[PDB]
Amino acid sequence: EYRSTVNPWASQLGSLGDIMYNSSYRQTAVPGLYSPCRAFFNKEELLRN
Amino acid sequence: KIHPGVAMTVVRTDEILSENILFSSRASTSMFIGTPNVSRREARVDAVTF
Amino acid sequence: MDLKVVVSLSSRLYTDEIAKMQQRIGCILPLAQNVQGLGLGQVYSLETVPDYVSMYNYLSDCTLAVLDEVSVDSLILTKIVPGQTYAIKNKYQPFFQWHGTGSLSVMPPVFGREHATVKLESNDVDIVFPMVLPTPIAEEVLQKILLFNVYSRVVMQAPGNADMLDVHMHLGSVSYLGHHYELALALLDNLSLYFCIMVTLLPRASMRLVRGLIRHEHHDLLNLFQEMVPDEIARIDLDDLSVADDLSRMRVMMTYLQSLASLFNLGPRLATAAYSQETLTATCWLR
Amino acid sequence: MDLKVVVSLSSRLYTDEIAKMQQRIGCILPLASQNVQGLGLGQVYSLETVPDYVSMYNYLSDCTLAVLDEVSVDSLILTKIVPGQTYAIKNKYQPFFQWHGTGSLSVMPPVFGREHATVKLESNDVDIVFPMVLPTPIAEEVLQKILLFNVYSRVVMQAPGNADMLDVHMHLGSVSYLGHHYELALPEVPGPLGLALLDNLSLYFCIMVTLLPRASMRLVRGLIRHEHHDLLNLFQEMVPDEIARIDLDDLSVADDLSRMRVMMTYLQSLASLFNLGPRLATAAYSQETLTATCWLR
């Protein structure tokens, strides 16, 4: 509670760490392969919780 | 509105939804009615159709 | 024999799901049971582009099925044997025609993706029914969409060559058996590209094959009569190219001509016998 | 619907052949209609003629097929292929083809050598060679490769500077498969009916070359002028003389409809010429016992 984010290149809404792993920007991705950060950056399951 | 030198006769068809009275005499036809057959078509595990 | 297949839905459903199965009871869907892979719902997922050749080769890979009933959790449907005849309705978002056509086609809906895709928010299965349409209607709409996307990509390259009004006067209006229908608008892009490379490889391949088979029958009536017709502008430039690039051209040429010949053949080829207008149904067997 | 069709022999099938015939149970065999000759493929593929793979393909496509189920001594039974029935076929063929995707299976003559699908019958003066079963796309590329060799052996021989005859024998080479490459048998002379098939194909090719759609020429010229697509890699950023000289004219809407209409009917005719030989649509192939359940497509 004394800082905002440890890194700002993945925590904001349009960050590099977001656009690598969000569901809205993987619309040209290969659907088969697995990515572990999809359990963190994905908008639907972050909002499912 | 000058009348030209030729006369015309319009032809149009008018489709009419009518009602028809049907008659028959006494003992016109002879209905040979047989006993119906039953065949289980769908042998479903929820409800069976015959 | 019960040809019926049972599928259990995952969760509970609601009202307009019943309304949209009552809309789509008559129309049909392919097969792989497993509630995810029921039909074309693994190709129309938007994380990949909905392509035509992958969906078409899947549709020719799997069998077909008639949806029959949807209860609170069950999906009662029967599949297609080549043996006995089943009853088919239209129930399609284009409502085209059945005037006694003895040959049918089953193609994925090029007129609308969302026109045949039915969606449920509780169940993400996004199932979809490929458009059943008669064979002259099928060939006319596939021509009038393939040449349309060819013209669209050519205008995107150079707009000064092709226009839109004179092509919407003709290539947007299919007309078959007195009925004049209207249609206008990735998958057709790549399908056109396969045809684009096949029709540009067909000249060199054609002159190479007629130069190989030109003097087999040393005085033939038929061979000379097929040699007298084609283009004098075409048969010059063959011997300049190396061997391996030539045979790679012919190999890719043969693969995609076999692919596009089987693709221009209408895939799942149904056949109807007697169509009832007042019930909007016909009897069909697989052919 | 009868299936149990016995084929009566005339001599004693000895125990050196009973073992390898019981080894080949669940395979596919073509029928004549039995008599001891004409039941198989050795009646049309003998050692005296060239292996042409078209006349034997014609015998496979003209007459029906049959599953081998039991081989007794002095007689063996066969089970026909009537449509509407689900036939279970084991993969008992020496060039193995794994049916992962379970596509439409497809009959073929033994183009991968006579020696793997032959059986030596010394009871009667007859040899029986088994047809090859494999999925559809491998079968179609085998067809295109054997016709390409049958048309190109003669024209590589026809050059006076034949410094490379062996170029096509490795360029064509094996069949194109990921897990393993499988070399095949290559005949020098295509024979009569192979040349008749190439003659009909040349008929169709020169008829469809009279109508080319000019619209795709503009698109491929643009894709040359744009970035080099990986499907364009066969051109290596080159405009040949023919595509440069068929584009002096304009692009309209008049020719394109009749062009694509006759291309529809001629490509459907070419599919009918490439719907060649009886095929088997496959559903529910169980890999753990290697049985592909098929009905006659």
# chains A, B, ... in the order shown; residues from 1 in each chain; ligands from 1
call {"tool": "interface_residues", "arguments": {"of": "chain C", "to": "chain B", "cutoff": "10 Å", "atoms": "only C-alpha atoms", "output": "list in words"}}
result
residues 1, 2, 3, 4, 6 and 76 of chain C
call {"tool": "residues_around", "arguments": {"residues": "region 37-39 of chain B", "least_positions_apart": "6", "cutoff": "12 Å", "atoms": "only C-alpha atoms", "output": "list in words"}}
result
residues 48, 49 and 50 of chain B
call {"tool": "interface_residues", "arguments": {"of": "chain D", "to": "chain C", "cutoff": "8 Å", "atoms": "only C-alpha atoms", "output": "PyMOL selection string"}}
result
chain D and resi 83-84+103-104+140-141+144-145+151-152+155+171+198-199+202-203+205-207+209-210+212-213+215-220+222+234+241-243+245-246+250-253+256-257+260-261+264+267-268+270-271+274+283
call {"tool": "write_last_selection", "arguments": {"atoms": "C-alpha atoms", "output": "PDB file, in the first residue's frame"}}
result
ATOM      1  CA  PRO D  83     -22.952 -50.567 -49.497  1.00  0.00           C
ATOM      2  CA  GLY D  84     -24.787 -49.587 -46.351  1.00  0.00           C
ATOM      3  CA  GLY D 103      -9.720 -39.968 -43.229  1.00  0.00           C
ATOM      4  CA  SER D 104     -11.463 -41.711 -46.092  1.00  0.00           C
ATOM      5  CA  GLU D 140      -4.119 -38.922 -54.618  1.00  0.00           C
ATOM      6  CA  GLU D 141      -0.530 -37.729 -54.413  1.00  0.00           C
ATOM      7  CA  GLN D 144      -0.304 -37.538 -59.363  1.00  0.00           C
ATOM      8  CA  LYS D 145       3.287 -38.698 -58.817  1.00  0.00           C
ATOM      9  CA  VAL D 151       4.651 -38.439 -68.574  1.00  0.00           C
ATOM     10  CA  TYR D 152       8.163 -37.254 -67.667  1.00  0.00           C
ATOM     11  CA  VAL D 155      10.439 -36.464 -72.143  1.00  0.00           C
ATOM     12  CA  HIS D 171      12.856 -35.593 -57.089  1.00  0.00           C
ATOM     13  CA  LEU D 198      -2.922 -38.959 -70.017  1.00  0.00           C
ATOM     14  CA  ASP D 199      -4.576 -38.469 -73.425  1.00  0.00           C
ATOM     15  CA  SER D 202      -4.561 -33.636 -72.085  1.00  0.00           C
ATOM     16  CA  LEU D 203      -7.939 -33.326 -73.833  1.00  0.00           C
ATOM     17  CA  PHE D 205      -6.320 -29.562 -70.070  1.00  0.00           C
ATOM     18  CA  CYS D 206      -6.217 -28.068 -73.559  1.00  0.00           C
ATOM     19  CA  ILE D 207      -9.963 -27.498 -73.483  1.00  0.00           C
ATOM     20  CA  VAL D 209      -6.768 -23.616 -71.370  1.00  0.00           C
ATOM     21  CA  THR D 210      -9.019 -22.018 -73.990  1.00  0.00           C
ATOM     22  CA  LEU D 212      -8.539 -18.545 -68.526  1.00  0.00           C
ATOM     23  CA  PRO D 213      -9.921 -16.052 -66.000  1.00  0.00           C
ATOM     24  CA  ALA D 215      -8.866 -11.490 -63.063  1.00  0.00           C
ATOM     25  CA  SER D 216      -6.587 -13.720 -60.990  1.00  0.00           C
ATOM     26  CA  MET D 217      -3.662 -12.706 -63.223  1.00  0.00           C
ATOM     27  CA  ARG D 218      -3.991  -9.165 -61.881  1.00  0.00           C
ATOM     28  CA  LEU D 219      -4.052 -10.491 -58.313  1.00  0.00           C
ATOM     29  CA  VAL D 220      -0.950 -12.653 -58.722  1.00  0.00           C
ATOM     30  CA  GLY D 222      -0.089  -7.605 -57.502  1.00  0.00           C
ATOM     31  CA  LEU D 234       7.535 -21.286 -56.560  1.00  0.00           C
ATOM     32  CA  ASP D 241       6.608 -14.287 -70.268  1.00  0.00           C
ATOM     33  CA  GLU D 242       3.228 -16.029 -70.495  1.00  0.00           C
ATOM     34  CA  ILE D 243       1.601 -14.292 -67.527  1.00  0.00           C
ATOM     35  CA  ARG D 245       1.676 -11.428 -72.152  1.00  0.00           C
ATOM     36  CA  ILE D 246      -1.817 -12.650 -71.238  1.00  0.00           C
ATOM     37  CA  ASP D 250      -8.505  -5.358 -69.874  1.00  0.00           C
ATOM     38  CA  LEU D 251     -10.609  -6.855 -67.079  1.00  0.00           C
ATOM     39  CA  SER D 252     -14.388  -6.977 -67.462  1.00  0.00           C
ATOM     40  CA  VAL D 253     -17.493  -8.690 -66.072  1.00  0.00           C
ATOM     41  CA  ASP D 256     -15.845 -14.046 -66.275  1.00  0.00           C
ATOM     42  CA  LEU D 257     -19.285 -15.613 -65.794  1.00  0.00           C
ATOM     43  CA  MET D 260     -16.229 -19.712 -64.415  1.00  0.00           C
ATOM     44  CA  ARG D 261     -19.364 -21.613 -65.469  1.00  0.00           C
ATOM     45  CA  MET D 264     -17.323 -25.359 -62.865  1.00  0.00           C
ATOM     46  CA  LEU D 267     -13.649 -29.156 -62.811  1.00  0.00           C
ATOM     47  CA  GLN D 268     -16.592 -31.328 -61.812  1.00  0.00           C
ATOM     48  CA  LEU D 270     -12.077 -33.560 -63.522  1.00  0.00           C
ATOM     49  CA  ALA D 271     -13.217 -34.550 -60.041  1.00  0.00           C
ATOM     50  CA  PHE D 274     -10.213 -38.127 -60.023  1.00  0.00           C
ATOM     51  CA  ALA D 283     -15.823 -43.469 -38.866  1.00  0.00           C
TER      52      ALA D 283
END
call {"tool": "select_by_dssp", "arguments": {"residues": "region 53-238 of chain D", "states": "helix (DSSP H, G or I)", "output": "VMD selection string"}}
result
chain D and resid 55 to 62 114 to 116 136 to 157 166 to 171 191 to 208 215 to 225 230 to 232
call {"tool": "residues_around", "arguments": {"residues": "region 8-10 of chain C", "least_positions_apart": "3", "cutoff": "12 Å", "atoms": "only C-alpha atoms", "output": "count of residues only"}}
result
22
call {"tool": "residues_around", "arguments": {"residues": "region 29-35 of chain D", "least_positions_apart": "3", "cutoff": "10 Å", "atoms": "only C-alpha atoms", "output": "JSON, numbers by chain"}}
result
{"D": [5, 6, 7, 8, 9, 10, 26, 38, 39, 40, 41, 43, 59, 60, 61, 62, 63, 64, 65, 66, 67, 68, 75, 78, 79, 80, 81, 107, 128, 129, 130, 131, 132]}
call {"tool": "closest_atom_pairs", "arguments": {"of": "chain A", "to": "chain C", "cutoff": "10 Å", "atoms": "only C-alpha atoms", "output": "JSON lines"}}
result
{"residue": "A:23", "atom": "CA", "partner": "C:47", "partner_atom": "CA", "distance": 8.4}
{"residue": "A:24", "atom": "CA", "partner": "C:47", "partner_atom": "CA", "distance": 8.8}
{"residue": "A:25", "atom": "CA", "partner": "C:47", "partner_atom": "CA", "distance": 9.1}
{"residue": "A:26", "atom": "CA", "partner": "C:47", "partner_atom": "CA", "distance": 6.6}
{"residue": "A:27", "atom": "CA", "partner": "C:47", "partner_atom": "CA", "distance": 4.2}
{"residue": "A:28", "atom": "CA", "partner": "C:48", "partner_atom": "CA", "distance": 6.0}
{"residue": "A:29", "atom": "CA", "partner": "C:47", "partner_atom": "CA", "distance": 6.7}
{"residue": "A:30", "atom": "CA", "partner": "C:48", "partner_atom": "CA", "distance": 7.0}
{"residue": "A:31", "atom": "CA", "partner": "C:47", "partner_atom": "CA", "distance": 6.5}
call {"tool": "write_last_selection", "arguments": {"atoms": "N, CA and C atoms", "output": "PDB file, in the first residue's frame"}}
result
ATOM      1  N   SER A  23      -6.928 -12.111 -24.026  1.00  0.00           N
ATOM      2  CA  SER A  23      -7.742 -12.833 -24.990  1.00  0.00           C
ATOM      3  C   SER A  23      -8.131 -11.971 -26.176  1.00  0.00           C
ATOM      4  N   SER A  24      -8.188 -10.653 -25.999  1.00  0.00           N
ATOM      5  CA  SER A  24      -8.630  -9.778 -27.073  1.00  0.00           C
ATOM      6  C   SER A  24      -7.564  -9.556 -28.135  1.00  0.00           C
ATOM      7  N   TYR A  25      -6.299  -9.821 -27.831  1.00  0.00           N
ATOM      8  CA  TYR A  25      -5.225  -9.618 -28.792  1.00  0.00           C
ATOM      9  C   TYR A  25      -4.610 -10.921 -29.270  1.00  0.00           C
ATOM     10  N   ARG A  26      -5.143 -12.060 -28.839  1.00  0.00           N
ATOM     11  CA  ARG A  26      -4.721 -13.355 -29.350  1.00  0.00           C
ATOM     12  C   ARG A  26      -5.690 -13.894 -30.392  1.00  0.00           C
ATOM     13  N   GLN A  27      -6.355 -12.998 -31.127  1.00  0.00           N
ATOM     14  CA  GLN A  27      -7.307 -13.416 -32.150  1.00  0.00           C
ATOM     15  C   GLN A  27      -6.624 -13.891 -33.422  1.00  0.00           C
ATOM     16  N   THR A  28      -5.311 -13.717 -33.530  1.00  0.00           N
ATOM     17  CA  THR A  28      -4.526 -14.293 -34.609  1.00  0.00           C
ATOM     18  C   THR A  28      -3.576 -15.370 -34.113  1.00  0.00           C
ATOM     19  N   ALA A  29      -3.706 -15.781 -32.859  1.00  0.00           N
ATOM     20  CA  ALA A  29      -2.810 -16.770 -32.295  1.00  0.00           C
ATOM     21  C   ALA A  29      -3.181 -18.166 -32.771  1.00  0.00           C
ATOM     22  N   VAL A  30      -2.233 -19.084 -32.624  1.00  0.00           N
ATOM     23  CA  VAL A  30      -2.515 -20.505 -32.790  1.00  0.00           C
ATOM     24  C   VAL A  30      -3.319 -20.938 -31.573  1.00  0.00           C
ATOM     25  N   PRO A  31      -4.516 -21.501 -31.752  1.00  0.00           N
ATOM     26  CA  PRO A  31      -5.373 -21.781 -30.592  1.00  0.00           C
ATOM     27  C   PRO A  31      -4.936 -22.979 -29.768  1.00  0.00           C
TER      28      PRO A  31
END
call {"tool": "closest_residue", "arguments": {"among": "D:2, D:183, D:125, D:188", "to": "residue 50 (chain D)", "atoms": "only C-alpha atoms"}}
result
D:188
call {"tool": "atom_distance", "arguments": {"atom1": "CA of residue 158 (chain D)", "atom2": "CA of residue 47 (chain D)"}}
result
26.8 Å
call {"tool": "select_by_dssp", "arguments": {"residues": "region 7-169 of chain C", "states": "strand (DSSP E)", "output": "ChimeraX atom specification"}}
result
/C:7-8,28-30,64-70,74-79,86-89,104-107,131-134
call {"tool": "closest_residue", "arguments": {"among": "C:17, C:106, C:12, C:90", "to": "residue 56 (chain C)", "atoms": "only C-alpha atoms"}}
result
C:106
call {"tool": "atom_distance", "arguments": {"atom1": "CA of residue 178 (chain D)", "atom2": "CA of residue 113 (chain D)"}}
result
20.7 Å
